[PDB]
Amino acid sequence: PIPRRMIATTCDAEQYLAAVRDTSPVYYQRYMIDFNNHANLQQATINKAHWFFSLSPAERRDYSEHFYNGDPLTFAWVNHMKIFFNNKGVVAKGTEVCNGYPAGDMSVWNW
């Protein structure tokens, strides 16, 4: 469910997103289109992503289950974490380089 590299990454959400923006631009733009079509859920999505990136490798491994079983966000916008979790190619290229991007750069959420 959650790729092994996302379990392991020491990057934060904005470093990862900026890395995807650069290394898989089509996936980033499609995610942002989807994000901006769910405006009511944007902050929730951001808080979730922050929360996930605060967990340890082992804890994120533990989360894999609870993620699967869904939360409000998962039934309201299935693809809310799609950029983070769904394609192992995108995830590999993002997690390769994201440590070179600026932590906390919230403009990556703002398309």
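Numbers follow the displayed sequence, beginning with 1.
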**Of 25-33 and 70-78, the one with larger mean CA B-factor** = 70-78
**Request:** Using only the Cα atoms and their B-factors as the entry lists them, report which of 15-23 and 90-98 averages higher.
**Result:** 90-98
**Request:** Sort the modelled residues of this chain by their C-alpha B factor and say whether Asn47 lands in the lowest, middle or highest third.
**Result:** lowest
**Message:** Quick check for you: using the entry's CA B-factors within this chain, is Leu41 in the lowest, middle or highest third?
**Reply:** middle
**Within-chain third of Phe53 by Cα B-factor, per the entry** = middle
